[PDB]
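Be aware that the sequence shown starts at 39, since it is given in our numbering, and climbs by one per residue.
Here is the structure we will look at, set down as structure tokens.
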Amino acid sequence: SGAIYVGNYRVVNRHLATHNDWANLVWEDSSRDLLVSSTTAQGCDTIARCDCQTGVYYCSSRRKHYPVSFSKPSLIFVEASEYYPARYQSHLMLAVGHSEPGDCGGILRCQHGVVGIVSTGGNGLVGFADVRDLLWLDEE
Ligand SMILES: CS[C@@H]1CCCC[C@H]1OC(=O)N1CCC[C@H](C(N)=O)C1
Ligand SMILES: [Zn+2]
């Protein structure tokens with residue numbers, strides 16, 4: 039589990055969104071596994087606006103932050119799960135790192151700010167949903 043709190047927005051994995059997130063919905067995209075809801079309090083995270091392909095992510099199943107090299111956002115095939123059928127997920131970046139269930143929502147960050155959140159795992163790989171192109175998270 040986990041979320042990004044920027045401005046008056048809460049960014050979560052669409053597959054882990056709560057009823058309150060759906061009742062206060064700003065934007066959602068199943069092809070990216072992302073959902074954004076509105077918040078009453080202001081958040082403290084800042085979004086990275088950069089081209090970093092190295093950073094650090096939080097792994098809840100290890101209580102640890104790991105440094106990783108990750109691929110550029112791309113269209114990647116993700117196996118059928120209990121949340122989605124087999125499909126291509128867009129704006130997904132892969133790295134070598136542990137990831138198991140408990141773990142979407144952990145933040146990936148660089149020196150510029152938050153890059154994205156854990157969205158896929160298994161096989162000694164970890165995948166992250168990029169948020170750096172969502173410029174509107176910085177306004178309103
Ligand atoms: C993420 S850990 C898990 C490890 C065992 C193998 C499967 C791994 O699950 C995933 O990759 N998922 C499940 C939740 C939805 C994700 C998505 N964004 O489509 C895909
Ligand atoms: Zn950066």
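The beta carbon of each residue, even a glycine, is placed where N, CA and C say it ideally should be.
query	result
Where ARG48 falls: helix, strand or coil (DSSP)	strand
Residue range of the unbroken beta strand (DSSP E) whose run includes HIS53	Note, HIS53: premise wrong, no beta strand (DSSP E); not H, not E.
Environment of ligand 2 in chain order, Cβ to heavy atom below 5 Å	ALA86, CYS88, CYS90, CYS148 and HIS150
Beta carbon of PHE166 nearer than 8 Å to that of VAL152	no
Nearest to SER39 (by Cα), restricted to the options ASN161, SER137 and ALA133	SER137
Among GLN91, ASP59, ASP67 and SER76, nearest to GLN149 - alpha-carbon criterion	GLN91
For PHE166, the first and last residue of its enclosing beta strand (DSSP E)	163–168
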